[PDB]
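These notes are about the structure you will find just below.
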There are 2 protein chains.
Amino acid sequence: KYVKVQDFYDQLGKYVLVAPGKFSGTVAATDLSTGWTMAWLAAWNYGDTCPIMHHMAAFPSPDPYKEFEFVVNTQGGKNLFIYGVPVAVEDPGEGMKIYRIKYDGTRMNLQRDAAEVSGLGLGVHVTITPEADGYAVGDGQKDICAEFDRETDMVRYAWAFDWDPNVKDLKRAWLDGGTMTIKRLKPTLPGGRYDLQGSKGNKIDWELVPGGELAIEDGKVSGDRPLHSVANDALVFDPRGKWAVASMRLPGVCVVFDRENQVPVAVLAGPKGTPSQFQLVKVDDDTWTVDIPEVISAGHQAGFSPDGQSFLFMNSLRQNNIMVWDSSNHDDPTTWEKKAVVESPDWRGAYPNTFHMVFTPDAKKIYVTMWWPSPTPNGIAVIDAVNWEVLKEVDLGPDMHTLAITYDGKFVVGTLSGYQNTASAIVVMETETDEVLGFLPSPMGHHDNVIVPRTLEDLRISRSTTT
Amino acid sequence: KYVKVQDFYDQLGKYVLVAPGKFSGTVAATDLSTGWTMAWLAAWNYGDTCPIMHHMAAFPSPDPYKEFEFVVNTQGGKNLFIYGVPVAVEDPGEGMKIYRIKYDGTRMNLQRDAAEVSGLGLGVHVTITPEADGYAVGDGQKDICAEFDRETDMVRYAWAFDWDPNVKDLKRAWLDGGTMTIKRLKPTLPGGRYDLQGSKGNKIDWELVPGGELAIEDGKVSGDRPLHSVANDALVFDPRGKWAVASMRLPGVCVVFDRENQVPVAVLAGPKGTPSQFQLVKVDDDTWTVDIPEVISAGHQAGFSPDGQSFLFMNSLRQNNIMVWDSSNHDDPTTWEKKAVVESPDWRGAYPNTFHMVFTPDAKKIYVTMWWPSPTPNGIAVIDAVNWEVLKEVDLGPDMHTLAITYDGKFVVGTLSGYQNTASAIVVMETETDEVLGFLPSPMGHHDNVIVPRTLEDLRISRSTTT
Ligand SMILES: [Cu+2]
Ligand SMILES: [Cu+2]
Ligand SMILES: [Cu+2]
Ligand SMILES: [Cu+2]
């Protein structure tokens, strides 16, 4: 007549949860079928002076418990001053590192820093290619994103984004529109290397915090080049191959990239009432532009349903909803048209924001995150992806972040992360009747979490297609 | 249809688990009633450049949820280089910090490094005074131990310990016997502060490891003064006041000291084939010696029964046993006589060593760890503490560390630490029928944990009386 916590985990199946801990310094693999941490890694170990450990993604493995590979980045610079911790390192390391890490069935071995190898340092999202032959990072202080080869860790293409405001005052620089340029970067050092590790190429001094467009507008984000920010956040991929979509927060657009031919081919328009798309203009071999008349809202979260037949981009703060296109046509992104929009009283005021999402395998539902600043209950809301409405919402706790799903599609498993100073959990939730089965210790402030995929098809619902 | 983990947690009651994480750099507090981490702190945030977060202890709090205080201490220097981990840090800091931290019902808040206050820095067990008006810290590098004020963090009294060996050859220097000095240690800088923060005082470059007496003997441990080493481990407290007892690892003894009178009063003799005690000789007002014919076996873990009717000391490596004294005469420690010796047929090898214990509140059972070098499964033995015999041994998995108990007596709560590169976990066993209830994620490397106690009474079974 005593309850064994093992009974809990029995129901979860043979999956491996991984997560980085932001100010914690750590990355951690957990075995849901038992409750142990398989392994963990403290990057201070490795002389890293600002081991803000940030986004990660993992390669599909035939047996994750035997071995698997992952990628996880870091932030530095004025990133350390932007949470509520009264940190003491006045002058931190710059981060912007792209670690390569293998769990080999025992432990995690630090393989290298990919930004030393390539010479390109990025510190926001990391995704895996749908072929698992590579991976991608985005970045929001230097506004560059990049697809990298898995073996060589060299950049396959990088794309810089620059904002030229119609009205040259922070106060109107986005609202009153302008023109963004899409700039094909090229190595500048010998052996195909870039010169962009670290705070090198930062337009601003931290990635924007949520509703941070208000902040930079008000002159409150230090950097050399803020009038020039577009704030890239991600680079995600088409389950079907060929395409990748770069996400730009502040001009609320997404730009569709021909990966093999390395060219941009469409710019998807975020805010409800806009067209489907803005017009891509080519200046030369390495420079396109887009004309944005005004910026009604900033965007954040972007990605594809698992069969790629639907593209999503979330409007946040000024508007709060899910903007949705028909990406059905795989041969031609310029034809992707607005298909629906998901609104709800759930999105009450400026907050909550919806920054993260995972689908079900069967592209019928999505679980999406609800973020408030403290103390407002953060939670999950569940999306009917066939009719496009909110089914329900569940309150959970402080500072919701990412979500992942078991590959059998059974349990959702997210990380709540105490605003880097308070309560942090793993949350489990069953897809069947959308009940919160409850929480597991997690003394880390996760901005990322995945479950190790086995198959290429598993990826389609992992950090590849969404963030 | 689905199992909720909250059913599991509902049975444990309202206790807070607190734990440091070693090479993790972090300390975590965990709500056993809900599964959440209440708050965590990453020392690197506070300019700690070798945050090996070691021992800790927690002050009684009327309501832990609302607020509580702890002591947690770091190690440094070549302690970095000791484990599986291919650490890469050019300039480790020295460790030896004694941090004060304060959970305010939402976050932890670093209040002070006390060794900067006192100027004495010690890196091995933390204990809480039985009156909860103070703490004590031991160290086996400097071989100092000291009690501190809670309010001032200033040293009440401090003792230092020197080996003068019979045979001046490292290999023979404990086994053929020797004389141990016990000195009053007295401060050197203005405002009665000590000149002994960080590495100053280190006679060896790291805390010996399990088996570590073979390394020291073997010339394998560096430092200025190995022949002089006694490796003080802890300064643990008589739950009934007056005494504290200083565990000495290489001389296989425990020293018993009058707290308010700062003299030693008794040397207890650890191994099988020794008297209950050896002779104290006063050399002068500040100093004392004891002659030990030969060190039959090194010892380690040591403390009292909750009613301190019993005092205990483990033989480790050369013997593996639990030596028990009749400490019932609280009047006069030199009256204390060995009464029982707990042994079992599977303690006959070098391994496993028993370094930690917890007692049930009524005193009739102990819980004790079974540590091994990988890959052999570490464990918990249950000790009948009226008959003094082994009751049950349970396999658990790698690198068992410390144990604490719920104060209602029903759940034992332990830590496994994956030798700092593999599996780590919190473990819960129930004390009714000594079944293992299972495991919780603990991505850290705990060599300590506590349940926040609520009365001076709970302290008799916490990080006060045992380690
Ligand atoms: Cu994002
Ligand atoms: Cu982040
Ligand atoms: Cu010890
Ligand atoms: Cu330790």
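Letters A, B, ... mark the chains of the structure tokens in the order given; residue numbers begin at 1 per chain; ligand numbers begin at 1, in order shown.
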Residue neighbourhood residue 241 in chain B, 9 Å, only C-alpha atoms, exclusion window fewer than 4 positions, as an MDAnalysis selection string: chainID B and resid 129:131 237 259 330
With C-alpha atoms retained, could you export that selection as a PDB file, in the first residue's frame?
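Generated file (result_2.pdb):
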```
ATOM      1  CA  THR B 129      25.261  22.617  15.700  1.00  0.00           C
ATOM      2  CA  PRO B 130      22.698  20.676  17.757  1.00  0.00           C
ATOM      3  CA  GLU B 131      21.552  24.114  19.115  1.00  0.00           C
ATOM      4  CA  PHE B 237      27.932  16.719  17.109  1.00  0.00           C
ATOM      5  CA  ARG B 259      32.986  22.586  22.734  1.00  0.00           C
ATOM      6  CA  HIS B 330      27.205  11.927  28.552  1.00  0.00           C
TER       7      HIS B 330
END
```
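For residue 198 in chain A, the set of protein, DNA and RNA residues having any atom at most 10 Å away, when counting only C-alpha atoms and skipping those fewer than 4 positions along the same chain, is residues 75, 76, 77, 93, 94, 95, 96, 97, 115, 116, 119, 120, 121, 122, 123, 142 and 202 of chain A.
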Produce as a PyMOL selection string the set of residues near ligand 4, where near means within 10 Å with only C-alpha atoms and all ligand atoms considered. chain B and resi 20-23+52-55+74-75+79+123-125+207-209+401-402+419+445-448
Write out the residues from the selection above, keeping N, CA, C and O atoms, as a short mmCIF file (atom, residue, chain, number, x, y, z; two decimals), in the first residue's frame.
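This went into again36.cif:
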```cif
data_model
loop_
_atom_site.label_atom_id
_atom_site.label_comp_id
_atom_site.auth_asym_id
_atom_site.auth_seq_id
_atom_site.Cartn_x
_atom_site.Cartn_y
_atom_site.Cartn_z
N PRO B 20 23.87 19.67 -3.09
CA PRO B 20 24.83 20.34 -3.98
C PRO B 20 25.09 19.37 -5.14
O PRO B 20 24.52 18.25 -5.23
N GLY B 21 25.68 19.86 -6.22
CA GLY B 21 25.99 18.94 -7.29
C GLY B 21 27.44 18.77 -7.78
O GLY B 21 27.66 18.30 -8.90
N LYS B 22 28.45 19.06 -6.93
CA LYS B 22 29.76 18.62 -7.29
C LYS B 22 30.30 19.38 -8.50
O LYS B 22 30.21 20.58 -8.52
N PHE B 23 30.75 18.64 -9.50
CA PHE B 23 31.23 19.23 -10.76
C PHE B 23 30.05 19.88 -11.52
O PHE B 23 30.20 20.65 -12.48
N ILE B 52 33.04 23.50 -7.21
CA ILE B 52 32.84 22.09 -6.85
C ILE B 52 31.97 22.07 -5.60
O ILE B 52 32.47 22.23 -4.50
N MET B 53 30.65 21.84 -5.76
CA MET B 53 29.80 22.24 -4.65
C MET B 53 29.68 20.99 -3.80
O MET B 53 29.38 19.94 -4.35
N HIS B 54 30.22 21.08 -2.59
CA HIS B 54 30.58 19.86 -1.87
C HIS B 54 29.56 19.38 -0.82
O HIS B 54 28.62 18.65 -1.15
N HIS B 55 29.83 19.74 0.45
CA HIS B 55 29.07 19.31 1.60
C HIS B 55 28.08 20.46 1.81
O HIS B 55 28.39 21.64 1.53
N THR B 74 32.72 24.73 -1.07
CA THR B 74 33.38 24.28 -2.30
C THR B 74 34.78 23.69 -2.07
O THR B 74 35.60 23.96 -1.15
N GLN B 75 35.11 22.89 -3.06
CA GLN B 75 36.53 22.55 -3.21
C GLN B 75 37.06 23.04 -4.56
O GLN B 75 36.24 23.30 -5.51
N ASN B 79 41.61 19.09 -7.00
CA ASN B 79 40.33 18.38 -6.83
C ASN B 79 39.58 18.38 -8.16
O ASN B 79 38.84 17.45 -8.46
N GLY B 123 37.04 22.68 3.15
CA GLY B 123 36.38 22.09 2.00
C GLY B 123 35.72 20.71 2.17
O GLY B 123 35.13 20.23 1.21
N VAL B 124 35.63 20.12 3.36
CA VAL B 124 35.07 18.75 3.52
C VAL B 124 33.85 18.89 4.43
O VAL B 124 33.21 19.89 4.31
N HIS B 125 33.31 17.89 5.17
CA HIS B 125 31.96 18.03 5.74
C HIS B 125 31.58 19.33 6.47
O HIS B 125 32.30 19.84 7.34
N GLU B 207 41.53 16.16 -1.60
CA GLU B 207 40.93 15.24 -0.63
C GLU B 207 41.12 13.75 -1.04
O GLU B 207 40.78 13.29 -2.18
N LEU B 208 41.58 12.86 -0.09
CA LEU B 208 42.02 11.54 -0.56
C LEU B 208 40.76 10.90 -1.19
O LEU B 208 39.66 11.33 -0.93
N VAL B 209 40.89 9.88 -2.02
CA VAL B 209 39.64 9.43 -2.60
C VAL B 209 39.30 8.17 -1.80
O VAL B 209 39.98 8.01 -0.80
N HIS B 401 26.01 8.07 -2.79
CA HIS B 401 26.49 9.08 -1.91
C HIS B 401 25.63 9.02 -0.66
O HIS B 401 25.33 7.91 -0.14
N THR B 402 25.21 10.20 -0.22
CA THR B 402 24.65 10.43 1.09
C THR B 402 23.15 10.15 1.18
O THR B 402 22.50 9.74 0.23
N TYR B 419 29.72 9.24 -10.54
CA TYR B 419 31.18 9.44 -10.46
C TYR B 419 31.42 10.71 -11.27
O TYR B 419 32.41 10.87 -11.93
N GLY B 445 25.81 15.96 -9.03
CA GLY B 445 26.84 15.00 -8.66
C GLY B 445 27.02 14.92 -7.16
O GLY B 445 28.15 14.69 -6.71
N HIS B 446 25.96 15.34 -6.44
CA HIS B 446 25.73 15.27 -5.00
C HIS B 446 26.78 14.40 -4.28
O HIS B 446 26.92 13.18 -4.54
N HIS B 447 27.51 15.00 -3.35
CA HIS B 447 28.21 14.23 -2.35
C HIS B 447 27.64 14.60 -0.98
O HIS B 447 28.32 14.51 0.06
N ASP B 448 26.48 15.25 -1.01
CA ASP B 448 25.73 15.63 0.19
C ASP B 448 24.26 15.81 -0.21
O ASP B 448 24.01 16.08 -1.39
#
```
May I have a table of the residues of chain A lying at most 6 Å from ligand 1, giving each one's closest pair of atoms and their distance in Å to one decimal, counting only C-alpha atoms and all ligand atoms, ordered by chain and ascending residue number, as a tab-separated table?
```
residue	atom	partner	partner_atom_place_in_ligand_line	distance
A:233	CA	ligand 1	1 (Cu)	5.2
A:300	CA	ligand 1	1 (Cu)	5.9
A:301	CA	ligand 1	1 (Cu)	5.8
A:355	CA	ligand 1	1 (Cu)	6.0
```
Give me a file of those residues, with N, CA, C and O atoms, as a CSV table (one decimal), in the first residue's frame.
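Printed below is part_7.csv as written:
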```
chain,number,residue,atom,x,y,z
A,233,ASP,N,15.2,34.5,-35.3
A,233,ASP,CA,15.2,33.5,-34.1
A,233,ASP,C,15.5,32.1,-34.5
A,233,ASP,O,16.1,31.4,-33.7
A,300,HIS,N,7.1,35.2,-33.7
A,300,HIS,CA,8.1,34.4,-33.1
A,300,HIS,C,8.1,33.0,-33.7
A,300,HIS,O,8.7,32.7,-34.7
A,301,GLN,N,7.3,32.1,-33.1
A,301,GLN,CA,7.4,30.7,-33.4
A,301,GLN,C,6.9,30.4,-34.9
A,301,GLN,O,5.8,30.7,-35.2
A,355,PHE,N,5.5,30.7,-27.8
A,355,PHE,CA,6.8,30.6,-28.4
A,355,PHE,C,7.2,29.2,-28.9
A,355,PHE,O,8.0,29.1,-29.8
```
Residue 393 in chain A environment, 9 Å, only C-alpha atoms, sequence neighbours closer than 5 positions dropped, as a ChimeraX atom specification: /A:346,370,379-382
Selection from above, N, CA and C atoms, as a PDB file, in the first residue's frame, can you write it?
```pdb
ATOM      1  N   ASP A 346      -8.161  32.899 -24.917  1.00  0.00           N
ATOM      2  CA  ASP A 346      -7.023  32.416 -24.108  1.00  0.00           C
ATOM      3  C   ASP A 346      -5.891  33.430 -24.187  1.00  0.00           C
ATOM      4  N   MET A 370       1.978  28.534 -23.371  1.00  0.00           N
ATOM      5  CA  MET A 370       1.437  29.814 -22.979  1.00  0.00           C
ATOM      6  C   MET A 370       2.397  30.499 -22.018  1.00  0.00           C
ATOM      7  N   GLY A 379       1.198  27.860 -18.963  1.00  0.00           N
ATOM      8  CA  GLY A 379       0.669  26.522 -19.197  1.00  0.00           C
ATOM      9  C   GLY A 379       0.851  26.058 -20.632  1.00  0.00           C
ATOM     10  N   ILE A 380      -0.032  25.130 -21.051  1.00  0.00           N
ATOM     11  CA  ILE A 380      -0.061  24.555 -22.375  1.00  0.00           C
ATOM     12  C   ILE A 380      -1.474  24.737 -22.875  1.00  0.00           C
ATOM     13  N   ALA A 381      -1.600  24.952 -24.162  1.00  0.00           N
ATOM     14  CA  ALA A 381      -2.969  24.965 -24.704  1.00  0.00           C
ATOM     15  C   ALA A 381      -2.934  24.023 -25.882  1.00  0.00           C
ATOM     16  N   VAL A 382      -4.045  23.319 -26.157  1.00  0.00           N
ATOM     17  CA  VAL A 382      -4.023  22.222 -27.103  1.00  0.00           C
ATOM     18  C   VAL A 382      -4.844  22.642 -28.327  1.00  0.00           C
TER      19      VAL A 382
END
```
Using only C-alpha atoms, find the residues of chain A whose closest atom to chain B is at most 7 Å away, then write them as a PyMOL selection string. chain A and resi 3-6+8+23-24+26+28+30+34-40+42+45-47+87-89+106-107+421-425+437-443
Residue 245 in chain B surroundings by only C-alpha atoms, 12 Å radius, close-in-sequence under 5 positions cut, as number ranges by chain: B: 127, 136-138, 145-147, 159, 232-239, 253-259, 262-268, 301-304, 311-313, 327, 333, 464-466
Atoms to include: N, CA and C atoms. Write the selected residues as a CSV table (one decimal), in the first residue's frame.
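Listed below is the output, again_5.csv:
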```
chain,number,residue,atom,x,y,z
B,127,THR,N,28.6,20.7,9.2
B,127,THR,CA,27.6,20.2,10.1
B,127,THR,C,26.9,21.3,10.8
B,136,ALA,N,29.9,23.7,11.6
B,136,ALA,CA,31.3,23.2,11.7
B,136,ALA,C,31.7,22.7,10.4
B,137,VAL,N,32.9,22.8,10.0
B,137,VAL,CA,33.4,22.4,8.7
B,137,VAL,C,34.7,21.6,9.0
B,138,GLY,N,34.9,20.5,8.2
B,138,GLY,CA,36.2,19.9,8.4
B,138,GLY,C,37.0,19.9,7.1
B,145,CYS,N,39.6,21.6,11.5
B,145,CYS,CA,38.1,21.7,11.7
B,145,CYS,C,37.7,22.8,12.7
B,146,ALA,N,36.5,23.4,12.5
B,146,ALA,CA,36.2,24.5,13.3
B,146,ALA,C,34.7,24.6,13.5
B,147,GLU,N,34.3,25.1,14.7
B,147,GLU,CA,32.9,25.5,14.8
B,147,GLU,C,32.8,27.0,14.5
B,159,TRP,N,40.7,23.6,15.3
B,159,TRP,CA,41.7,22.7,15.8
B,159,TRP,C,42.5,22.3,14.5
B,232,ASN,N,41.5,14.6,8.4
B,232,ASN,CA,40.2,15.0,9.1
B,232,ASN,C,39.2,15.0,8.0
B,233,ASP,N,38.0,14.5,8.4
B,233,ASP,CA,36.9,14.3,7.4
B,233,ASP,C,35.8,15.3,7.9
B,234,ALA,N,35.4,15.3,9.2
B,234,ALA,CA,34.1,15.9,9.7
B,234,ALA,C,34.3,16.3,11.1
B,235,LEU,N,33.5,17.3,11.6
B,235,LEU,CA,33.3,17.6,13.0
B,235,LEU,C,31.8,17.4,13.3
B,236,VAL,N,31.4,16.3,13.9
B,236,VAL,CA,30.1,15.9,14.1
B,236,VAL,C,29.7,16.1,15.6
B,237,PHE,N,28.4,16.2,15.8
B,237,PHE,CA,27.9,16.7,17.1
B,237,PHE,C,27.1,15.7,17.9
B,238,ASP,N,27.5,15.5,19.2
B,238,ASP,CA,26.7,14.9,20.3
B,238,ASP,C,25.3,15.6,20.3
B,239,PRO,N,24.2,14.9,19.9
B,239,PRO,CA,22.9,15.4,19.8
B,239,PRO,C,22.4,16.1,21.1
B,253,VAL,N,41.2,7.2,13.9
B,253,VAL,CA,40.7,7.7,15.2
B,253,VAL,C,39.6,8.8,15.0
B,254,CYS,N,39.0,9.0,16.1
B,254,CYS,CA,38.0,10.1,16.3
B,254,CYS,C,38.4,10.9,17.6
B,255,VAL,N,38.4,12.2,17.5
B,255,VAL,CA,38.8,12.9,18.6
B,255,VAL,C,37.6,13.5,19.2
B,256,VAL,N,37.5,13.6,20.6
B,256,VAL,CA,36.3,14.1,21.2
B,256,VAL,C,36.6,15.3,22.0
B,257,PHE,N,35.9,16.4,21.7
B,257,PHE,CA,36.3,17.7,22.3
B,257,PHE,C,35.2,18.3,23.0
B,258,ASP,N,35.6,18.9,24.2
B,258,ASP,CA,34.7,19.8,24.8
B,258,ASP,C,34.5,21.1,24.0
B,259,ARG,N,33.3,21.4,23.5
B,259,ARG,CA,33.0,22.6,22.7
B,259,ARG,C,33.3,23.9,23.5
B,262,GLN,N,37.0,24.1,24.7
B,262,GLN,CA,38.1,23.8,23.7
B,262,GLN,C,39.3,23.2,24.4
B,263,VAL,N,39.1,22.0,24.9
B,263,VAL,CA,40.1,21.0,25.0
B,263,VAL,C,39.6,19.7,24.4
B,264,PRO,N,40.5,18.8,23.9
B,264,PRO,CA,40.1,17.4,23.6
B,264,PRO,C,40.0,16.7,24.9
B,265,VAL,N,39.2,15.7,25.0
B,265,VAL,CA,38.8,15.0,26.2
B,265,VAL,C,39.1,13.5,25.9
B,266,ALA,N,39.0,13.0,24.7
B,266,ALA,CA,39.1,11.6,24.4
B,266,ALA,C,39.5,11.3,23.0
B,267,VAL,N,40.4,10.3,22.8
B,267,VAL,CA,40.7,9.7,21.5
B,267,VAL,C,40.0,8.4,21.5
B,268,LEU,N,39.1,8.1,20.5
B,268,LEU,CA,38.6,6.8,20.3
B,268,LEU,C,39.3,6.1,19.2
B,301,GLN,N,33.4,7.3,8.1
B,301,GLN,CA,32.2,7.8,8.5
B,301,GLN,C,32.1,7.7,10.0
B,302,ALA,N,31.5,8.7,10.7
B,302,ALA,CA,31.4,8.7,12.1
B,302,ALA,C,30.2,9.6,12.6
B,303,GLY,N,29.5,9.1,13.6
B,303,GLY,CA,28.5,9.9,14.3
B,303,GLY,C,27.8,9.2,15.4
B,304,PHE,N,26.9,9.9,16.0
B,304,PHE,CA,26.0,9.5,17.1
B,304,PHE,C,24.6,9.0,16.6
B,311,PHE,N,27.9,5.9,19.8
B,311,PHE,CA,28.8,6.6,18.8
B,311,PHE,C,29.4,5.5,17.9
B,312,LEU,N,29.6,5.8,16.6
B,312,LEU,CA,29.9,4.9,15.5
B,312,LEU,C,31.0,5.5,14.6
B,313,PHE,N,31.8,4.6,14.0
B,313,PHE,CA,33.0,4.9,13.2
B,313,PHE,C,33.1,3.7,12.3
B,327,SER,N,28.4,5.4,24.3
B,327,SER,CA,28.4,6.8,24.7
B,327,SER,C,27.3,7.2,25.6
B,333,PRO,N,33.3,11.4,28.2
B,333,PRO,CA,33.7,10.6,27.0
B,333,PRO,C,34.8,9.6,27.2
B,464,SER,N,24.0,16.8,11.1
B,464,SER,CA,24.5,17.4,12.4
B,464,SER,C,25.4,16.4,13.0
B,465,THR,N,24.7,15.2,13.1
B,465,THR,CA,25.0,14.2,14.1
B,465,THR,C,25.8,13.1,13.4
B,466,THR,N,25.7,13.0,12.0
B,466,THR,CA,26.3,12.0,11.1
B,466,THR,C,26.7,12.8,9.8
```
